[PDB]
Amino acid sequence: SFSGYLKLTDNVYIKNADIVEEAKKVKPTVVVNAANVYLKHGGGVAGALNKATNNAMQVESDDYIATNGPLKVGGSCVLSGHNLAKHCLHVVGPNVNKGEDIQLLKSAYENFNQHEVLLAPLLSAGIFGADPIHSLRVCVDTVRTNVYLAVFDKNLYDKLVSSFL
Ligand SMILES: O=C(O)[C@@H]1CCC[C@@H]1c1ccsc1
């Protein structure tokens, strides 16, 4: 299972790791995707997770959207984890680069509470434009279940650990 994580709180752990490599190694029950409302897995974590599934995540996601329509910002859906995990929890954090309300980041993290353990990225961080330090703070203050955060960028991982209150 999960190895090499730094414990931040009772239930939040963090590691400088590529979430795709981490998912292939652990095969967790749940891997969180940093999804958008259309489940178009183009870039960032979504593009990387989808490419690791050989586009099977995108094919499944297009069928989900055809049936259900788009997700809400702050919402989620559970789909297959493919070769990476049992399930993928596609969570939509607000995209600050699209002017979405950063207050929706807490609602996005609340989706994690429906799963006893998750491998996840920092929601709304990276190409979503939010401050990752704020994302980590909202994560620790919102998620009560066991979350193993994979931070791809070493420099950001170091900054997140060194500034963690
Ligand atoms: O973790 C990072 O370094 C950033 C911030 C949030 C997710 C993003 C990422 C993760 C896997 S590819 C890009």
# chains A, B, ... in the order shown; residues from 1 in each chain; ligands from 1
call {"tool": "residues_around", "arguments": {"residues": "range 154-162 of chain A", "least_positions_apart": "5", "cutoff": "8 Å", "atoms": "only C-alpha atoms", "output": "MDAnalysis selection string"}}
result
chainID A and resid 15:16 132:133 136
call {"tool": "closest_atom_pairs", "arguments": {"of": "chain A", "to": "ligand 1", "cutoff": "7 Å", "atoms": "only C-alpha atoms and all ligand atoms", "output": "Markdown table"}}
result
| residue | atom | partner | partner_atom_place_in_ligand_line | distance |
| --- | --- | --- | --- | --- |
| A:18 | CA | ligand 1 | 11 (C) | 5.8 |
| A:19 | CA | ligand 1 | 11 (C) | 5.9 |
| A:44 | CA | ligand 1 | 13 (C) | 4.6 |
| A:45 | CA | ligand 1 | 11 (C) | 4.4 |
| A:48 | CA | ligand 1 | 12 (S) | 6.6 |
| A:121 | CA | ligand 1 | 7 (C) | 5.2 |
| A:122 | CA | ligand 1 | 6 (C) | 4.7 |
| A:123 | CA | ligand 1 | 6 (C) | 6.4 |
| A:124 | CA | ligand 1 | 6 (C) | 6.9 |
| A:125 | CA | ligand 1 | 6 (C) | 4.1 |
| A:126 | CA | ligand 1 | 5 (C) | 4.0 |
| A:132 | CA | ligand 1 | 5 (C) | 6.5 |
| A:150 | CA | ligand 1 | 1 (O) | 6.1 |
| A:151 | CA | ligand 1 | 1 (O) | 3.4 |
| A:152 | CA | ligand 1 | 3 (O) | 3.6 |
| A:153 | CA | ligand 1 | 3 (O) | 3.7 |
| A:156 | CA | ligand 1 | 3 (O) | 6.3 |
call {"tool": "closest_residue", "arguments": {"among": "A:129, A:81, A:74, A:69", "to": "residue 95 in chain A", "atoms": "only C-alpha atoms"}}
result
A:129
call {"tool": "select_by_dssp", "arguments": {"residues": "range 29-91 of chain A", "states": "strand (DSSP E or B)", "output": "PyMOL selection string"}}
result
chain A and resi 30-35+76-80+87-91
call {"tool": "select_by_dssp", "arguments": {"residues": "range 92-142 of chain A", "states": "helix (DSSP H, G or I)", "output": "VMD selection string"}}
result
chain A and resid 96 to 98 104 to 114 126 to 128 132 to 142
call {"tool": "residues_around", "arguments": {"residues": "residue 111 in chain A", "least_positions_apart": "2", "cutoff": "10 Å", "atoms": "only C-alpha atoms", "output": "list in words"}}
result
residues 32, 74, 75, 76, 77, 89, 90, 91, 92, 106, 107, 108, 109, 113, 114, 115, 142 and 143 of chain A
call {"tool": "write_last_selection", "arguments": {"atoms": "N, CA, C and O atoms", "output": "PDB file, in the first residue's frame"}}
result
ATOM      1  N   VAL A  32      -8.241  10.021  -7.246  1.00  0.00           N
ATOM      2  CA  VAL A  32      -8.995  11.212  -7.587  1.00  0.00           C
ATOM      3  C   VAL A  32      -8.423  11.833  -8.840  1.00  0.00           C
ATOM      4  O   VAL A  32      -7.221  11.988  -8.971  1.00  0.00           O
ATOM      5  N   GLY A  74     -17.398  21.800  -8.205  1.00  0.00           N
ATOM      6  CA  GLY A  74     -17.527  21.383  -6.815  1.00  0.00           C
ATOM      7  C   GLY A  74     -18.080  19.971  -6.698  1.00  0.00           C
ATOM      8  O   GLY A  74     -18.088  19.405  -5.608  1.00  0.00           O
ATOM      9  N   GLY A  75     -18.525  19.385  -7.814  1.00  0.00           N
ATOM     10  CA  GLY A  75     -19.124  18.066  -7.803  1.00  0.00           C
ATOM     11  C   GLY A  75     -18.186  16.968  -8.224  1.00  0.00           C
ATOM     12  O   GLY A  75     -17.006  17.201  -8.467  1.00  0.00           O
ATOM     13  N   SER A  76     -18.718  15.750  -8.289  1.00  0.00           N
ATOM     14  CA  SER A  76     -17.897  14.608  -8.630  1.00  0.00           C
ATOM     15  C   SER A  76     -18.734  13.488  -9.186  1.00  0.00           C
ATOM     16  O   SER A  76     -19.964  13.510  -9.089  1.00  0.00           O
ATOM     17  N   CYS A  77     -18.068  12.521  -9.755  1.00  0.00           N
ATOM     18  CA  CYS A  77     -18.699  11.272 -10.111  1.00  0.00           C
ATOM     19  C   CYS A  77     -17.687  10.151  -9.942  1.00  0.00           C
ATOM     20  O   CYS A  77     -16.474  10.367 -10.056  1.00  0.00           O
ATOM     21  N   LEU A  89     -12.447   8.770  -8.741  1.00  0.00           N
ATOM     22  CA  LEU A  89     -13.390   9.801  -8.322  1.00  0.00           C
ATOM     23  C   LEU A  89     -13.022  11.077  -9.066  1.00  0.00           C
ATOM     24  O   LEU A  89     -11.981  11.686  -8.786  1.00  0.00           O
ATOM     25  N   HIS A  90     -13.825  11.442 -10.055  1.00  0.00           N
ATOM     26  CA  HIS A  90     -13.563  12.637 -10.859  1.00  0.00           C
ATOM     27  C   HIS A  90     -14.132  13.795 -10.095  1.00  0.00           C
ATOM     28  O   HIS A  90     -15.343  13.851  -9.925  1.00  0.00           O
ATOM     29  N   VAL A  91     -13.278  14.686  -9.588  1.00  0.00           N
ATOM     30  CA  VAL A  91     -13.739  15.800  -8.789  1.00  0.00           C
ATOM     31  C   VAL A  91     -13.443  17.088  -9.507  1.00  0.00           C
ATOM     32  O   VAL A  91     -12.331  17.254  -9.991  1.00  0.00           O
ATOM     33  N   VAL A  92     -14.420  17.980  -9.597  1.00  0.00           N
ATOM     34  CA  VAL A  92     -14.217  19.260 -10.251  1.00  0.00           C
ATOM     35  C   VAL A  92     -13.963  20.352  -9.237  1.00  0.00           C
ATOM     36  O   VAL A  92     -14.886  20.806  -8.571  1.00  0.00           O
ATOM     37  N   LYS A 106     -13.928  24.090  -1.229  1.00  0.00           N
ATOM     38  CA  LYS A 106     -14.318  23.285  -0.061  1.00  0.00           C
ATOM     39  C   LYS A 106     -15.361  22.240  -0.470  1.00  0.00           C
ATOM     40  O   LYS A 106     -15.231  21.072  -0.124  1.00  0.00           O
ATOM     41  N   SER A 107     -16.360  22.653  -1.279  1.00  0.00           N
ATOM     42  CA  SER A 107     -17.361  21.697  -1.780  1.00  0.00           C
ATOM     43  C   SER A 107     -16.714  20.568  -2.578  1.00  0.00           C
ATOM     44  O   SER A 107     -17.088  19.415  -2.419  1.00  0.00           O
ATOM     45  N   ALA A 108     -15.691  20.904  -3.388  1.00  0.00           N
ATOM     46  CA  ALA A 108     -14.991  19.892  -4.157  1.00  0.00           C
ATOM     47  C   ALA A 108     -14.310  18.871  -3.222  1.00  0.00           C
ATOM     48  O   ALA A 108     -14.454  17.657  -3.411  1.00  0.00           O
ATOM     49  N   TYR A 109     -13.616  19.357  -2.159  1.00  0.00           N
ATOM     50  CA  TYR A 109     -12.957  18.433  -1.237  1.00  0.00           C
ATOM     51  C   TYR A 109     -13.956  17.591  -0.443  1.00  0.00           C
ATOM     52  O   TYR A 109     -13.624  16.480  -0.057  1.00  0.00           O
ATOM     53  N   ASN A 113     -14.895  12.864   1.337  1.00  0.00           N
ATOM     54  CA  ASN A 113     -15.437  12.262   2.560  1.00  0.00           C
ATOM     55  C   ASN A 113     -16.349  11.072   2.328  1.00  0.00           C
ATOM     56  O   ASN A 113     -16.636  10.339   3.268  1.00  0.00           O
ATOM     57  N   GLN A 114     -16.742  10.815   1.065  1.00  0.00           N
ATOM     58  CA  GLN A 114     -17.541   9.629   0.763  1.00  0.00           C
ATOM     59  C   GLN A 114     -16.672   8.389   0.555  1.00  0.00           C
ATOM     60  O   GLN A 114     -17.194   7.334   0.228  1.00  0.00           O
ATOM     61  N   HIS A 115     -15.339   8.497   0.709  1.00  0.00           N
ATOM     62  CA  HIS A 115     -14.423   7.398   0.456  1.00  0.00           C
ATOM     63  C   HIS A 115     -13.485   7.291   1.630  1.00  0.00           C
ATOM     64  O   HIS A 115     -12.907   8.292   2.023  1.00  0.00           O
ATOM     65  N   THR A 142     -11.110  20.142   5.448  1.00  0.00           N
ATOM     66  CA  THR A 142     -12.395  19.646   4.912  1.00  0.00           C
ATOM     67  C   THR A 142     -12.469  18.135   4.898  1.00  0.00           C
ATOM     68  O   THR A 142     -13.508  17.562   5.222  1.00  0.00           O
ATOM     69  N   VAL A 143     -11.393  17.482   4.453  1.00  0.00           N
ATOM     70  CA  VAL A 143     -11.374  16.045   4.330  1.00  0.00           C
ATOM     71  C   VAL A 143     -11.128  15.417   5.696  1.00  0.00           C
ATOM     72  O   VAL A 143     -10.204  15.799   6.416  1.00  0.00           O
TER      73      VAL A 143
END
